[PDB]
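Read top to bottom, the protein sequences are chains X, F, W, V, A, E, C, S and G. Letter by letter, the first sequence follows residues 1 to 52, 52A, 53 to 71, 71A to 71D, 72 to 82, 82A to 82C, 83 to 100, 100A to 100B, 101 to 111 in the authors' numbering. Letter by letter, the second sequence follows residues 1 to 27, 32 to 91, 96 to 106 in the authors' numbering. Letter by letter, the third sequence follows residues 32 to 58, 66 to 141, 150 to 185, 185A, 190 to 309, 312 to 321, 321A, 322 to 398, 410 to 506 in the authors' numbering. Letter by letter, the fourth sequence follows residues 128 to 141, 150 to 183 in the authors' numbering. If you read the fifth sequence in the authors' numbering, its first letter stands for residue 80, the second for the next number, and so on. Letter by letter, the sixth sequence follows residues 184 to 185, 185A, 190 to 271 in the authors' numbering. Letter by letter, the seventh sequence follows residues 520 to 551, 568 to 664 in the authors' numbering. Letter by letter, the eighth sequence follows residues 520 to 551, 568 to 664 in the authors' numbering. Letter by letter, the ninth sequence follows residues 520 to 551, 568 to 664 in the authors' numbering. Have a look at the structure below, then the notes.
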Amino acid sequence: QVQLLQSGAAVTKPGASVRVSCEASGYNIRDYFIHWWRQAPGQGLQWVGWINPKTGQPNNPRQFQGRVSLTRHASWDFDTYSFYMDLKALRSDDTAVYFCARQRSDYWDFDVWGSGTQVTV
Amino acid sequence: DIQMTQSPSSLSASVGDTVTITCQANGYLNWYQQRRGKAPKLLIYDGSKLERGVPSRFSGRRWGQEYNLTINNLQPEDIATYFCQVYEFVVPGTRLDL
Amino acid sequence: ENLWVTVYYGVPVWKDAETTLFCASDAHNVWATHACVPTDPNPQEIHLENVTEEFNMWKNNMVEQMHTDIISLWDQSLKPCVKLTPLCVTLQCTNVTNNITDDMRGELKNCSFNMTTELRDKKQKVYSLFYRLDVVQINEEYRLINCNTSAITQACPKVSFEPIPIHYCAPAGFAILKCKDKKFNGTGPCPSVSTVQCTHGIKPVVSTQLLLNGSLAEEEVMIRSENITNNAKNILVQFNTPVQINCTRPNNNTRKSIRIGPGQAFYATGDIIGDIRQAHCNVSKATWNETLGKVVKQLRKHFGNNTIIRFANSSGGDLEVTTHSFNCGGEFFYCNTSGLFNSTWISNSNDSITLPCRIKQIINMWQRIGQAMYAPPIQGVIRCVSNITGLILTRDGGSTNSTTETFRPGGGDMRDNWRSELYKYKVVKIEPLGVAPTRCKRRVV
Amino acid sequence: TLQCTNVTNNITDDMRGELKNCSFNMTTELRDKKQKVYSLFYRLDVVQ
Amino acid sequence: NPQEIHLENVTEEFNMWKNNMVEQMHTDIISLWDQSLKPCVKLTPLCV
Amino acid sequence: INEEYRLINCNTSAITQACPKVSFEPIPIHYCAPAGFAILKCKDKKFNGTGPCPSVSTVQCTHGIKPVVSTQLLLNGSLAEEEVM
Amino acid sequence: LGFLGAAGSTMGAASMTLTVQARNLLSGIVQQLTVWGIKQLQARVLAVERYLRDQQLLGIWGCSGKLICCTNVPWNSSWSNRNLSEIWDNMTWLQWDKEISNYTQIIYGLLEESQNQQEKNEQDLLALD
Amino acid sequence: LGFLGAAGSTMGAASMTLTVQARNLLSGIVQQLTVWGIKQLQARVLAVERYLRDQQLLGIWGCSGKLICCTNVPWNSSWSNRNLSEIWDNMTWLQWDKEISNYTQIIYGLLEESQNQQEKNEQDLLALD
Amino acid sequence: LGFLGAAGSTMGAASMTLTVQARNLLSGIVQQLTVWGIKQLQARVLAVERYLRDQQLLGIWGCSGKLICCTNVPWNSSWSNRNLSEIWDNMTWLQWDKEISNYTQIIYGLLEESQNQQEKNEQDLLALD
Ligand SMILES: *[C@@H]1O[C@H](CO)[C@@H](O[C@@H]2O[C@H](CO)[C@@H](O[C@@H]3O[C@H](CO[C@H]4O[C@H](CO[C@H]5O[C@H](CO)[C@@H](O)[C@H](O)[C@@H]5O[C@H]5O[C@H](CO)[C@@H](O)[C@H](O)[C@@H]5O)[C@@H](O)[C@H](O[C@H]5O[C@H](CO)[C@@H](O)[C@H](O)[C@@H]5O)[C@@H]4O)[C@@H](O)[C@H](O[C@H]4O[C@H](CO)[C@@H](O)[C@H](O)[C@@H]4O[C@H]4O[C@H](CO)[C@@H](O)[C@H](O)[C@@H]4O)[C@@H]3O)[C@H](O)[C@H]2NC(C)=O)[C@H](O)[C@H]1NC(C)=O
Ligand SMILES: *[C@@H]1O[C@H](CO)[C@@H](O[C@@H]2O[C@H](CO)[C@@H](O[C@@H]3O[C@H](CO[C@H]4O[C@H](CO[C@H]5O[C@H](CO)[C@@H](O)[C@H](O)[C@@H]5O)[C@@H](O)[C@H](O[C@H]5O[C@H](CO)[C@@H](O)[C@H](O)[C@@H]5O)[C@@H]4O)[C@@H](O)[C@H](O[C@H]4O[C@H](CO)[C@@H](O)[C@H](O)[C@@H]4O[C@H]4O[C@H](CO)[C@@H](O)[C@H](O)[C@@H]4O)[C@@H]3O)[C@H](O)[C@H]2NC(C)=O)[C@H](O)[C@H]1NC(C)=O
Ligand SMILES: *[C@@H]1O[C@H](CO)[C@@H](O[C@@H]2O[C@H](CO)[C@@H](O[C@@H]3O[C@H](CO)[C@@H](O)[C@H](O)[C@@H]3O)[C@H](O)[C@H]2NC(C)=O)[C@H](O)[C@H]1NC(C)=O
Ligand SMILES: *[C@@H]1O[C@H](CO)[C@@H](O[C@@H]2O[C@H](CO)[C@@H](O[C@@H]3O[C@H](CO)[C@@H](O)[C@H](O)[C@@H]3O)[C@H](O)[C@H]2NC(C)=O)[C@H](O)[C@H]1NC(C)=O
Ligand SMILES: *[C@@H]1O[C@H](CO)[C@@H](O[C@@H]2O[C@H](CO)[C@@H](O[C@@H]3O[C@H](CO)[C@@H](O)[C@H](O)[C@@H]3O)[C@H](O)[C@H]2NC(C)=O)[C@H](O)[C@H]1NC(C)=O
Ligand SMILES: *[C@@H]1O[C@H](CO)[C@@H](O[C@@H]2O[C@H](CO)[C@@H](O[C@@H]3O[C@H](CO)[C@@H](O)[C@H](O)[C@@H]3O)[C@H](O)[C@H]2NC(C)=O)[C@H](O)[C@H]1NC(C)=O
Ligand SMILES: *[C@@H]1O[C@H](CO)[C@@H](O[C@@H]2O[C@H](CO)[C@@H](O)[C@H](O)[C@H]2NC(C)=O)[C@H](O)[C@H]1NC(C)=O
Ligand SMILES: *[C@@H]1O[C@H](CO)[C@@H](O[C@@H]2O[C@H](CO)[C@@H](O)[C@H](O)[C@H]2NC(C)=O)[C@H](O)[C@H]1NC(C)=O
Ligand SMILES: *[C@@H]1O[C@H](CO)[C@@H](O[C@@H]2O[C@H](CO)[C@@H](O)[C@H](O)[C@H]2NC(C)=O)[C@H](O)[C@H]1NC(C)=O
Ligand SMILES: *[C@@H]1O[C@H](CO)[C@@H](O[C@@H]2O[C@H](CO)[C@@H](O)[C@H](O)[C@H]2NC(C)=O)[C@H](O)[C@H]1NC(C)=O
Ligand SMILES: *[C@@H]1O[C@H](CO)[C@@H](O[C@@H]2O[C@H](CO)[C@@H](O)[C@H](O)[C@H]2NC(C)=O)[C@H](O)[C@H]1NC(C)=O
Ligand SMILES: *[C@@H]1O[C@H](CO)[C@@H](O[C@@H]2O[C@H](CO)[C@@H](O)[C@H](O)[C@H]2NC(C)=O)[C@H](O)[C@H]1NC(C)=O
Ligand SMILES: *[C@@H]1O[C@H](CO)[C@@H](O[C@@H]2O[C@H](CO)[C@@H](O)[C@H](O)[C@H]2NC(C)=O)[C@H](O)[C@H]1NC(C)=O
Ligand SMILES: *[C@@H]1O[C@H](CO)[C@@H](O)[C@H](O)[C@H]1NC(C)=O
Ligand SMILES: *[C@@H]1O[C@H](CO)[C@@H](O)[C@H](O)[C@H]1NC(C)=O
Ligand SMILES: *[C@@H]1O[C@H](CO)[C@@H](O)[C@H](O)[C@H]1NC(C)=O
Ligand SMILES: *[C@@H]1O[C@H](CO)[C@@H](O)[C@H](O)[C@H]1NC(C)=O
Ligand SMILES: *[C@@H]1O[C@H](CO)[C@@H](O)[C@H](O)[C@H]1NC(C)=O
Ligand SMILES: *[C@@H]1O[C@H](CO)[C@@H](O)[C@H](O)[C@H]1NC(C)=O
């Protein structure tokens, strides 16, 4: 299994931060970028950005610069990876559901997805 | 740059018959199917192939800069949203219903 | 008349293939170039008229073999050195405040601990200086930073880290083609091919954000990438005029030596003779700002003619990829390049810049985690001068409306460092047997 | 040296004396500190 | 069968102290000596 | 240890223990040459170290040499035939 | 010229320099642990095995010890049909190799028996008189 | 005699025993880690590589499968000038090799192409009539 | 048939398939630490060494590059005496090899020098006219 476990829902006041996690369990973790997507009520998807898990390097669009932080962490048995997304200055528009996704090749074909986590303000 | 536009906002065909959805997309292309309150799932990548573990009712073909998604022998559960993505860009999908 | 088959042995024909090249060098050091056949004083090169071949980097197999070969030589040189297992103990540290500036406030620690002597039943009390990037507080007493992930190992301070030029030669029955086009892309047909017996002298220097001590282009600045519209691919820039960068470690270091058991020595760090100042690198502000101008002209050709082009500093990650990391004379630097990539170029002084650097001693060279290494201190004062001959960039995604592209420095994967030197070569296999029709027929007797 | 007792929590009588609950002192990652841990062992692997 | 052939009418030049069979007998028994010490007991606890 | 003892090597090296079922007895050894090579042999009785040997001969490999270690006297070796050399 | 120069020229002019391509098929490392110890040693054994597989073929067809060897198999036009001058004067060995790669296995079977095994027995039953 | 006996004799009488020297160029270790494991394995590969560099040369000159091979190159007296009897009856192969080692590279070039490849194409142009 | 089929048949009918046995003497490991690292490497060197020991023999007897090569040595009846039909039509190479293993070393000496070296010097004495 190549599951991508995700954490539960959360809600908070404006002007606060929020962290959402995503586990990787059943494959060679260090060989596939990890992307974060966002879906608003009654809209299409939106690219939040990607992270390279070997070096840990992020890439975000100009809309989210200075507000999003993508990080990762492994354990001293090196089997489990935990990816984190942190959002800093929340507003009403950030009410959405967020998706962990695992790229597979150079077509950007995302075969595995996470359950998704709903968060609102 | 990247251009992308798809063409039935939402059709309303019924059980049995077949329909097609067309995306115009410069540059690779994929198709996804997403039920309400669920994570999407990949059907067709690179515009022509299909992912291992999908009924063969779905199949797509390309010509020029226009791609086609079409499903044969509609089923009571194949009603969901369908959109096409290129790489960061996606589009608001289409809705079909009996 | 009816033509017959005739057989030819030794026709010029070749296909693509993979093999194991062997290496050759000139005339002790980590890359073990004392187990390389000595090179020859005759670099023979043959030009091939009227023939155009097809090159493709990012699939060249000479790169996947240079990688695994210097990862194997690195381990071969650590097998016989000292294991530092007794060094994971509890340390008792204290700030160093003896004639420091104010930038080095908190960068050095003076730690004391209990060590094993040459007798299994005696201990000794010992001190040594450690950098802040190598110790952690146990409960907010310190400990080395690696003692919950890996074991450290370092001796053999008679082995140097200086890179040595290395030629990669091909066995019999194979050949190495070489593209002599001056405006060559990554892939595509090169119409001015030529053959050699082995490549030029390649230096295995490792670095992260800038490419150092490499080769230059002859016509202008080149920009190579596979699918420049895919923002998950790095970009390789190559200058045509070098930029100098002078780096130094201005402290006067001393080196103790502690007999930990029989025949084992640990090389600590003694006191410092003088003042404690920070390490840095100075770059000429005029030359740098000029070559950055010559890069945006070529960068504009791939995007619209009136686009805004920005440079920003790295956005995050590990310490190795968020800074310019290199090795100068046995010490490992990590310099803050946030003063080089800070500008905005739209269409239509005479001093230097100073980049502050840090230093580490516990090194985890390739992303492998289960085995770190220590690095003994160097006596005296460090100083080196290098050429900057390229960059590794990364474009910000999600850019619509066709304006304001943003680039940031990247790196991390050493294979991109080898592709900047082996983009001209490819390996082919000779097929010397061919048949053809002709009029002669064998004489029956 | 281990210090073992019998496992009698919800067993049949086939397993009376087949499992032991042993406790001992182990070395940690810092050379001067130890830890006290435990583990279950089959009776065919320990001797008095 | 230790064969040996006599060669009439031929004289050759010998020179010890430059013979290369000597510099190979040396390094080959220095190397067999260490091969027989690799797999046996290390006396580390004896330095007390 | 100070003017209590210690082994003499504890400040220069470590000791291994001369694995007890392996003997130190020397055994004759013949050194043979690969294909395409040959081993010449001088049969002069009064042969010097260097110089022209006028009674050459060829063999496939040498006589049995015992690898005996010693310092001031050579032991269990070969003798001269005519006189002391 | 030198190694692989005639690769530019046409078949007629390139088939006068076979010896230079033939001489560089054996060695060139004239005088000279696993890394760089067994790396090389694995190469030198493959160079010999690839060289002996071609001397064996040339011997089976009756061409041993030669560089040009007129055989006795007729050229079926189904393999190609181009005027002789349109082959030896306006194309190269690189071009012609791609136009023929589909039939060499068909041809190689003929050379092996359609001449030599057929002829090796005839001289046997002819020298008996 | 045996292996290398004729080394004493003159060229005329020593050129009757070529097979003796030729047979001992391949093996003699009839039936049989790094020490004594990787050195010997590098000995057996060098013997094969050295034995094939000589068979390749003999084939290029048109002499494959022979021990004495009359060629078609004339003997330039600038290499040496001694009466035929003063060569085959009063000196040895050891003596003559030193008197000639300066010109072998000159001679080897004449045999390779300037005689055989010149001759290999003429039969090609002749068998097409 | 295939590799070693004719092993069942008689010598006459089995001597039509020599190429099948001859082709399978070189490789079979066509494509890609000691165990399974030096196991292979010790085998590939023995196959090359055993293959060159027989090409050398054939060249010494004057049969280089051939599969059937009748010589100039007469058949002494002391080795065997059976009607030619009682050899080529009612027995096999396996049966016949066991009847001759005592004399091959005697025969091999006659082929080597007593026929070819006796003949290789006579073309010399003839070609000098
Ligand atoms: C990209 O490429 C770049 C180009 O290659 C590369 O840069 C090069 O990097 C290497 C590696 O870091 C550099 O090589 C090192 O250079 C060190 C400096 O050597 C120079 O300075 C020495 C000191 O000179 C002072 O003292 C002399 C008396 O001895 C005086 O004569 C001098 O005038 C000078 O006096 C000044 O200082 C006095 C003391 O303070 C003062 O009294 C006085 O008034 C005045 O102010 C010189 O000795 C030395 O000379 C060497 O080189 C010249 C040629 O320039 C030769 O002619 C000489 O024969 C001699 O070889 C230089 O001028 C070296 O010290 C250093 O060597 C040490 O390390 C190596 C390797 O480990 C050892 O083999 C070597 O022996 C040294 O180790 C030893 O050190 C200690 C103390 O000596 C010793 O006890 C110990 O046992 C140990 O063995 C090394 O070679 C090179 O310089 C860089 N090039 C440049 C142009 O800068 C760059 O790194 C590359 N980038 C990347 C990323 O890879
Ligand atoms: C980065 O990654 C991206 C992917 O994300 C890469 O994009 C790829 O870019 C290449 C080259 O830029 C594209 O190849 C080109 O594809 C087009 C379109 O192909 C479709 O249409 C073909 C028919 O098109 C004609 O007819 C239609 C109407 O019928 C018209 O609208 C068109 O304008 C045309 O007139 C059709 O034949 C194709 O199917 C065939 O090909 C595919 C494979 O592509 C097969 O699977 C099919 O089975 C079938 O065989 C397809 O449906 C082609 O039209 C282009 O043809 C050019 O190149 C030919 C050589 O192969 C050449 O013979 C043609 O004459 C033509 O020449 C071009 O250049 C001339 C220069 O003077 C022009 O004058 C001329 O007008 C023409 O433009 C070409 O094959 C890829 O499709 C594209 N992939 C994707 C997914 O977008 C990008 O390359 C990467 N970059 C880097 C640096 O790596
Ligand atoms: C870094 O520190 C070391 C250690 O102090 C410095 O080395 C020292 O350099 C001085 C001056 O070159 C030496 O002084 C000399 O002393 C002798 C007598 O010993 C005297 O005859 C000379 O005239 C001179 O005064 C000193 O010996 C030397 N120390 C050692 C241990 O060698 C070094 O110079 C410092 N480096 C820098 C860049 O400051
Ligand atoms: C890499 O270098 C850059 C600049 O070269 C570093 O950013 C600089 O960080 C310092 C320390 O936090 C900032 O100084 C602060 O300035 C404010 C305003 O005067 C003052 O109130 C503070 O007390 C402090 O002095 C400095 O402003 C900042 N520069 C910029 C342009 O933001 C950066 O931190 C370095 N990277 C790392 C990892 O340290
Ligand atoms: C990255 O680039 C920006 C823009 O070039 C740099 O900010 C600029 O820094 C200079 C030097 O301090 C400022 O000049 C001086 O500023 C003070 C107060 O800001 C003013 O009173 C002086 O008269 C003088 O103009 C300049 O104002 C400032 N620009 C802005 C918009 O803040 C920045 O320092 C660069 N970062 C690095 C790490 O180099
Ligand atoms: C690369 O291709 C070019 C283009 O074909 C070759 O240049 C041509 O080579 C031919 C062959 O030597 C020349 O023909 C000559 O014609 C004159 C006049 O009839 C005749 O007297 C000569 O004996 C010879 O036949 C031709 O002039 C020359 N140039 C052209 C066609 O413009 C070139 O040789 C090729 N190089 C290689 C290395 O293959
Ligand atoms: C090994 O122990 C260290 C000691 O804390 C762990 O350090 C982490 O360090 C980073 C940055 O220094 C902090 O952000 C983390 O919070 C620290 N960990 C914890 C649990 O607080 C380090 O993670 C340990 N290594 C492993 C593999 O667990
Ligand atoms: C995708 O499918 C549609 C039909 O569902 C195709 O549109 C038809 O194209 C043909 C030409 O081949 C025309 O004759 C029809 O009139 C079109 N139908 C309509 C309703 O306009 C379309 O061509 C397909 N896409 C591709 C790239 O072939
Ligand atoms: C080195 O080991 C000695 C052990 O003799 C340590 O000294 C002990 O420190 C503990 C710490 O609380 C005290 O409780 C003991 O009473 C001390 N023993 C003696 C004999 O004084 C010493 O701390 C160790 N050194 C370091 C740097 O940790
Ligand atoms: C690091 O701390 C040690 C103490 O453990 C310092 O060593 C002492 O230095 C003073 C200086 O006057 C001497 O009087 C003491 O005798 C030293 N003690 C020992 C045990 O050597 C050392 O100087 C400190 N180093 C730095 C750079 O601050
Ligand atoms: C683990 O080690 C501790 C040592 O601290 C052991 O506890 C000691 O046990 C001895 C019995 O021989 C007592 O005399 C000491 O008084 C004990 N010390 C303390 C501090 O309690 C303990 O028994 C060991 N654990 C096991 C399972 O053997
Ligand atoms: C060694 O040399 C001697 C003389 O140099 C040879 O003896 C003569 O050999 C010739 C050649 O057959 C005979 O005709 C003479 O009768 C021999 N005796 C003389 C001249 O006194 C001897 O044959 C040589 N031996 C070898 C093995 O070459
Ligand atoms: C196996 O042996 C049988 C008989 O011993 C062979 O069958 C005969 O073969 C001869 C030729 O060898 C034919 O002329 C006969 O017609 C065959 N049939 C009979 C005698 O009944 C058979 O060919 C042999 N098989 C092989 C593979 O050699
Ligand atoms: C060292 O100094 C820093 C501030 O400069 C302080 O926070 C820290 O507690 C000090 N540590 C010690 C061991 O003195
Ligand atoms: C290099 O590649 C780019 C993009 O594929 C193309 O625009 C350019 O023309 C190429 N250069 C050459 C010399 O073909
Ligand atoms: C042997 O050596 C001695 C001294 O080295 C010399 O006097 C004597 O002449 C030599 N003998 C011969 C036969 O060369
Ligand atoms: C030539 O080949 C074709 C098939 O490609 C075959 O039908 C024909 O019989 C062959 N001709 C001869 C003479 O073998
Ligand atoms: C013989 O060699 C000499 C020396 O180079 C040369 O001058 C002469 O032309 C040569 N003669 C022949 C016929 O080769
Ligand atoms: C045949 O062999 C016998 C047995 O050795 C022998 O007596 C006889 O002379 C040989 N015949 C010939 C012609 O050699």
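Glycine is no exception: its CB is placed at the ideal position from the N, C-alpha and C atoms.
{"Check": "Can you say whether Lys-231/W is buried or exposed, counting buried as having 16 or more other CB atoms within 10 angstroms of its CB?", "Outcome": "exposed"}
{"Check": "Please confirm if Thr-244/E has its CB atom under 8 Å from at least one CB of chain S.", "Outcome": "yes"}
{"Check": "Is the stretch 111 to 128 of chain W close to the stretch 191 to 208 of chain W, with three or more CB pairs under 8 Å?", "Outcome": "yes"}
{"Check": "Which residue from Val-42/W, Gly-263/W, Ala-221/W, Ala-436/W puts its Cα closest to that of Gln-293/W?", "Outcome": "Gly-263/W"}
{"Check": "Which chain F residues sit within Cβ distance under 8 Å of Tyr-99/X?", "Outcome": "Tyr-32, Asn-34, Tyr-49, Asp-50"}
{"Check": "If contacts are defined as beta-carbon pairs under 8 Å, then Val-11/X and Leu-82C/X qualify, I think. What distance do you get, rounded to the angstrom?", "Outcome": "With 8 Å as the limit, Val-11/X and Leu-82C/X do not qualify as a contact, their Cβ atoms being about 10 Å apart."}
{"Check": "Which residues mark the beginning and the end of the beta strand (DSSP E) in which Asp-47/W is found?", "Outcome": "45 to 47"}
{"Check": "How would you list, in chain order, the residues of chain X whose beta-carbon sits under 8 Å from the beta-carbon of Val-19/F?", "Outcome": "Simply none; closest approach about 21 Å."}
{"Check": "Contact criterion: CB-CB distance below 8 Å. Does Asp-105/F meet it with respect to chain W?", "Outcome": "no"}
{"Check": "Where DSSP assigns a beta bridge to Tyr-91/F, which residues make up the other side?", "Outcome": "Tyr-91/F is not bridged to any residue."}
{"Check": "Return the residues of the stretch 227 to 239 of chain E that lie within a Cβ-Cβ distance of less than 9 Å from chain A, sorted by chain order.", "Outcome": "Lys-227, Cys-228, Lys-229, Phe-233, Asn-234, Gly-235, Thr-236, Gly-237, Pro-238, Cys-239"}
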